[PDB]
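Protein chains in written order, with the authors' numbering: chain A, 2 to 386; chain L, 130 to 386; chain H, 2 to 258; chain i, 3 to 168; chain f, 3 to 168.
We put the beta carbon where it would ideally sit given N, CA and C, even for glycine.
Notes follow the structure.
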């Protein structure tokens, strides 16, 4: 039928969440139950642009959908979700999420995220696995994948205690891995009670928003995790070194969630044995800078080498690089065509080399407000005057 | 439907029609007793239905004697007056039924919960007529199984708000969809809606064009969607005057001073 | 049920205390008994904005509630209370109030106050532990915490005598620690007799009020402790140096009343 | 990062004026100030006293009908209209700037018809309501008959709304 | 859809001035507004308070007689005149814009006779009645001594006419 008029339809639609649209895509891997409505064959990476798609693709009461909402609430970003059918044991669950080649048909589990590009152009820059992450196995898989991807993998360590979290963090040191310990505690309106989330979803979501309204090269350190209320464990944070629970976790290279009712994130640091890659800002810059370069030098990867090929590229690089400098992304740079390598042999075999040494924006951290309550300006007032 | 309303059949017809209309259907239950009225009210739960039990007793000058009316007529009349000099969004709960004298059964009403006949009928979702010689109506509540639509104020607001919207967005129901069609309408809505807020009708609101539905397919087929979530004026009811007769301010006066 | 009218409810409500709203938050740690009504799991820092919340959260006849009232009577401030379940021995009581990490779940005792921020944004600027403070152990804990916080920790020394108070004060010298010796003596209307309070609660309360209607940078030195009557020991104060009991305690770095 | 305005278009009631509108003008949003000089200080300081009379103005140079037919219309604030304007930017992606403004048409000024010059009508809507958006993001929303001066969401009169009891 | 004004002609009493009239000017139809700021709101809003003094003006640069012979004429509103103006439009078909305006001639200003420059007389009829039509369709009809401000048919003073009892 086709009604001809203006249908006044009484229906509960609980408040537009609102969300600034972002770009940085998110590789989500969680669990769910393939029912009649949740139209999404378990190991098939689907694409999502809004909660409505998340619902139609995954049971409204699925862990997938919970993470999807945790992202959207912050920023309307493009997500690549993979519905790992709920397994039984923790071992089976972990294995089923990690996946692999297994079924000759396609790459299951997290490996399905490698189909993100070529399927929907949604090459995950931010890997996330809600809950399935306490397990050292899944985290190792996340790290390896994250490398084979150049994507910040956002872990959530053991929610319980801090000793476990620290002990867990000491197991890693892999550049890409960026952990968030305190499992967020958000008030689920549905059951009307404090739910318990794994935190990684909210971190990734806010990561996307930070890439947009601030820059991919700006840390998400001090940014406000939209939605949510408290955590599953009150995080302490004060000044003066001390055993401030925050200072502790942010000296084992872990990000926490501080201030009233899960106000904001806290920690630009990342799990890395190498001090040079201590800042996520460093890693993310070094990665996405090159994403912008390649998505722009696509023409340069074929074509009959001419006399001017080397120069076309070294200038094309100086264009994208310069633009990034203009909009803050970096601070100076230097591109040229490494001579001690460019040879007749390499050129006949297609290859050719260039250098792109540059500097990245150091995120201001640890402002040291030194203060002295004196009695210098005392006579200057009060006495007589 | 005066009198023709004790009959469960007519009331059911009134309800169905009332739905196919978005109109508050004012019933008058069995005039006799209260047990019958309550038993009768339990047969319904339909949002629109709004019952008035005590059959008004007005002094017909013609025959020179106390006539007996079905009450629904006087309720509807006062409903109209309340829409005008107060607002369509103001309940007729405490408003004075002009004309008339007593009822066909003295209605009790006091304070302290109790078995106050009024409190009884206004806990079976029925409006009564209280105070001297049919002074006024009494009961914003309506026959509804659903607690959200407990107040006639809620229903009437939710209905007449949209009457004002449609009688104003008449232009929006045809016309070649342009790039700016969605915006013309979402703003036109924010105009009427805002005006209603200004004159009290509601308290804040929120209009936008539900994205997860607006598509090329739906648009090619003419259709399109919007959300209009808003809040309605809660009618103040049950003021709880808590009072303590102390002896605090005793020395403050009397003794010496 | 939903009564439709105006309930005249006769109920004893003994005089609005009145209190200028303040901002400076107060980390309260006292004892109580978790019953059926006192809904507050012992080592869980709850937030309080009024006596009604204090009651519903702690037995009306609890030491927690007494301190809460001692604060409110002066100023309607935001309190972060931690109900240390009443222990037996003074040693067990002191240890249970000081707390620590102990239960892997959460930070017990006074350490629960460090959850004040991140829970309710109520980072205690004023630490207080009523009675549990004569004990040198609890006071040391208060000092350490107070440092890890930058919060004036308000102690109440041994209520009995002055020699003890002075001897006790000589054990400290920690910047943050601010002691109040004379245990206030307020007339509890409930039992109808002079109660005996630890004083620290009233000091913290007035501290908050002083921060508001005067400034956080104005001393509470000469400000009036609302509520209360005499002390548990008449404090002398005159002029001309002398052995004026006040001058004595305020030369051992102690505040009196 | 050079932006600058490239093209402009003007709506009145959905009807596009893609054609005659060589000039738009958004309402100059100004506060009332009142230079406060007072005890204890030399040099004034200036205070938020509320806004000034927002008036917007466009100027089609055609006998357009769809515009002329709102003048002095009994129902002040019936004239709606939307002032869209695309800012180019040297890096391509244009920023849509759009300013809906429900107001009262107020006046209409056809200048000197000279038999050899664009006649150029003129208009000056006394703006009542006014929402200016940039890149599909509310920057202003000024509503006088309601008190809703809201810079990008946050409502700066939310505090005076309470004190007035509105 | 570019319109623009091409040619112009001016009548006074049937007599065509097909010749000397290098400038016409229709009466700037303006409302009186009065920026209403009041309790409960910052920022004014503006109210229909009635129109402004409609004055129209043409300016033949010839000693034309037929125009000069209406100045200060005892019978104010004897001067009639019709200000026609053809708007071309890029697609050919021209839109006739015509504005009859029964009014009082008021003043006449012959500028600087310079023995080498179009003398250019000037005129400024204080318009009483005024009907502006577009494409043979009433857009305005403003009649003060009667209260008939009627945008294309609908009379916006039909409601105040009753309350005044006219």
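What in chain A is Cβ-close to residue 107 of chain H, meaning under 9 angstroms?
The residue given as residue 107 of chain H occupies position 106 in the third chain. Ordered by position in chain A, the residues that pass the 9 angstroms Cβ test against residue 107 of chain H are 234 and 235.
How about residue 131 of chain L: is its C-beta nearer than 8 angstroms to some C-beta of chain A?
If you number the second chain from 1, residue 131 of chain L lands on position 2. At a cut-off of 8 angstroms between beta carbons, residue 131 of chain L makes no contact with chain A.
Quick check on DSSP: helix, strand or coil for residue 324 of chain A?
For the purposes of this step, residue 324 of chain A is identified with residue 323 of the first chain, where counting begins at 1. Note: residue 324 of chain A maps to helix in three-state DSSP.
Which of helix, strand or coil DSSP assigns to residue 142 of chain f
Sequence index remark: in the fifth chain, residue 142 of chain f carries index 140 (1-based). Three-state result, residue 142 of chain f: strand.
Could you pull out every unbroken alpha helix (DSSP H) segment of at least 4 residues lying fully inside the segment 267 to 339 of chain L, listed in chain order?
Listed in chain order, the complete alpha helix (DSSP H) runs (minimum 4 residues) inside the segment 267 to 339 of chain L are 281 to 295 and 310 to 327.
Which residue wins for smallest C-alpha separation from residue 268 of chain L, given the options L:296, L:280 and L:307?
Stepping through the second chain from its first residue, residue 268 of chain L is reached at position 139. When only C-alpha atoms are compared, the closest one is L:280.
Below 9 angstroms on C-beta distance, what does residue 150 of chain H contact in chain A?
For the purposes of this step, residue 150 of chain H is taken as residue 149 along the third chain, with counting starting at 1. Here the neighbours are 239.
In chain order, what are the residue ranges of uninterrupted beta strand (DSSP E) at least 3 long that sit wholly in the segment 336 to 367 of chain L?
Taking only runs of at least 3 residues, the beta strand (DSSP E) segments lying wholly in the segment 336 to 367 of chain L are 359 to 361.
Just how far apart, CA to CA, sit residue 141 of chain L and residue 148 of chain L?
In the second chain, counting from the first residue as 1, residue 141 of chain L sits at position 12. In the second chain, counting from the first residue as 1, residue 148 of chain L sits at position 19. C-alpha separation (whole angstroms): 11 angstroms.
Cβ of residue 98 of chain H within 8 angstroms of Cβ of residue 129 of chain H?
Numbered from its first residue, the third chain carries residue 98 of chain H at position 97. Numbered from its first residue, the third chain carries residue 129 of chain H at position 128. No; because the gap between Cβ atoms is not below 8 angstroms, this pair is not in contact.
Below 8 angstroms between beta carbons: does that hold for residue 255 of chain H and residue 166 of chain H?
Within the third chain, the letter at position 254 stands for residue 255 of chain H. Within the third chain, the letter at position 165 stands for residue 166 of chain H. Taking 8 angstroms as the Cβ cut-off, residue 255 of chain H and residue 166 of chain H qualify as a contacting pair.
Going by alpha carbons, who is nearest to residue 206 of chain H out of H:232, H:26 and H:231?
Walking along the third chain from the start, residue 206 of chain H turns up at place 205. Selected option, being the one with the closest Cα: H:26.
Contact list for the segment 273 to 292 of chain L against chain A, Cβ threshold 8 angstroms:
Hits within the stretch, in order: 287 and 291.
By the DSSP assignment, the beta strand (DSSP E) with residue 30 of chain A in it spans what residues?
Within the first chain, numbered from 1, the residue matching residue 30 of chain A stands at position 29. Here the beta strand (DSSP E) through residue 30 of chain A covers 27 to 33.
Residue 168 of chain L, buried or exposed, once every other Cβ within 10 Å from all chains shown has been counted against 16
For the purposes of this step, residue 168 of chain L is taken as residue 39 along the second chain, with counting starting at 1. Its Cβ having fewer than 16 others within 10 Å, residue 168 of chain L is exposed.
Return the CA-CA distance between residue 1 of chain i and residue 109 of chain i, expressed in angstroms with no decimal places.
Outside the displayed span of chain i (3 to 168) sits residue 1 of chain i, for which this structure offers no information.
Contact between the segment 181 to 198 of chain A and the segment 209 to 217 of chain A (3+ Cβ pairs under 8 angstroms)
Counting Cβ pairs under 8 angstroms, fewer than three are found: no touch.
C-beta neighbour in chain L for residue 14 of chain H, strict 8 angstroms:
The sequence position of residue 14 of chain H within the third chain is 13, counting from 1. By this cut-off, residue 14 of chain H is an interface position.
List, in order along the chain, the chain f residues whose C-beta lies closer than 7 angstroms to that of residue 109 of chain i?
Residue mapping note: residue 109 of chain i aligns to position 107 of the fourth chain, counting from 1. Those are 30, 31, 32 and 33, listed as they occur along chain f.
Give every residue of the same chain whose Cβ lies closer than 7 angstroms to the Cβ of residue 234 of chain A, excluding the five residues on either side of it in the sequence, and list them in chain order.
Taking the first chain and counting its residues from 1, one reaches residue 234 of chain A at position 233. Excluding sequence positions up to five before and after residue 234 of chain A, its CB lies within less than 7 angstroms of the CB of 183, all in the same chain and listed in chain order.
Is it true that the CB of residue 49 of chain f sits closer than 8 angstroms to the CB of residue 92 of chain i?
Here the question's residue 92 of chain i lines up with position 90 in the fourth chain. Here the question's residue 49 of chain f lines up with position 47 in the fifth chain. No. Outside cutoff.
Check this for me: beta carbons of residue 180 of chain A and residue 158 of chain A, under 8 angstroms apart or not?
Translated into the one-based positions of the first chain, residue 180 of chain A becomes position 179. Translated into the one-based positions of the first chain, residue 158 of chain A becomes position 157. Against a cut-off of 8 angstroms, the Cβ pair of residue 158 of chain A and residue 180 of chain A comes out as a contact.
Opening and closing residue of the beta strand (DSSP E) in which residue 10 of chain H lies:
Position 9 of the third chain, counted from the first residue, corresponds to residue 10 of chain H. Under the DSSP assignment, residue 10 of chain H falls in the beta strand (DSSP E) whose first and last residues are 9 to 11.
Enclosing beta strand (DSSP E) for residue 88 of chain i [first to last residue]:
For this step, residue 88 of chain i is matched to residue 86 along the fourth chain. Counting along the chain, the beta strand (DSSP E) containing residue 88 of chain i begins and ends at 84 to 89.
Hey, would you say residue 49 of chain A sits closer than 8 angstroms to residue 14 of chain A, going by beta carbons?
One-based indexing of the first chain puts residue 49 of chain A at position 48. One-based indexing of the first chain puts residue 14 of chain A at position 13. Contact annotation: residue 49 of chain A and residue 14 of chain A have beta-carbon atoms that are not nearer than 8 angstroms.
With DSSP run on the structure shown, which of helix, strand or coil describes residue 22 of chain A?
Looking up residue 22 of chain A in the first chain gives position 21. Correct three-state label for residue 22 of chain A: strand.
According to DSSP, is residue 18 of chain f part of a helix, a strand, or is it coil?
Here the question's residue 18 of chain f lines up with position 16 in the fifth chain. In the structure shown, residue 18 of chain f sits in a strand (DSSP, three-state: E or B).
Between residue 338 of chain A and residue 374 of chain A, which are expected to be in contact by the criterion C-beta below 8 angstroms, what is the C-beta distance as a whole number of angstroms?
Counting from one through the first chain, the residue named residue 338 of chain A turns up at place 337. Counting from one through the first chain, the residue named residue 374 of chain A turns up at place 373. Cβ atoms of residue 338 of chain A and residue 374 of chain A stay farther apart than 8 angstroms, at about 59 angstroms.
Residues within the segment 346 to 362 of chain L neighbouring chain i, beta-carbon criterion of under 9 angstroms
Correct list: empty, as no residue qualifies.
Contact check, residue 225 of chain A vs residue 265 of chain A, beta carbons under 8 angstroms:
The count along the first chain starts at 1 and reaches residue 225 of chain A at position 224. The count along the first chain starts at 1 and reaches residue 265 of chain A at position 264. Going by C-beta atoms, residue 225 of chain A is nearer than 8 angstroms to residue 265 of chain A.
What is the rounded straight-line gap between the Cα of residue 392 of chain A and the Cα of residue 295 of chain A?
The requested residue 392 of chain A is not part of the displayed model; chain A covers only 2 to 386.
Of all the residues that make up the segment 17 to 46 of chain A, which are near chain L by a beta-carbon distance shorter than 7 angstroms?
Under the 7 angstroms Cβ criterion, the segment 17 to 46 of chain A contributes 17.
Going along chain H, which residues have a C-beta under 9 angstroms from residue 261 of chain A?
On the first chain, position 260 is the one that residue 261 of chain A refers to. Going along chain H in sequence order, the residues near residue 261 of chain A (Cβ under 9 angstroms) are 118, 119, 120, 121, 122 and 123.
Is it the case that the CB of residue 381 of chain L approaches a heavy atom of the ligand ADP more closely than 7 angstroms?
Ligands are entirely absent from the displayed structure, and the ligand ADP is therefore not among its contents.
Which whole-angstrom value describes the C-beta separation of residue 115 of chain A and residue 100 of chain A, a residue pair presumed to lie in contact below a C-beta threshold of 8 angstroms?
The residue labelled residue 115 of chain A in the question sits at position 114 within the first chain. The residue labelled residue 100 of chain A in the question sits at position 99 within the first chain. Separation of the CB atoms of residue 115 of chain A and residue 100 of chain A is rounded to 10 angstroms, and the pair is thereby denied contact status at 8 angstroms.
Rounding to the nearest angstrom, what Cα-Cα distance links residue 193 of chain A and residue 125 of chain H in this structure?
The residue labelled residue 193 of chain A in the question sits at position 192 within the first chain. The residue labelled residue 125 of chain H in the question sits at position 124 within the third chain. Pairing residue 193 of chain A with residue 125 of chain H, the inter-Cα distance amounts to about 30 angstroms.
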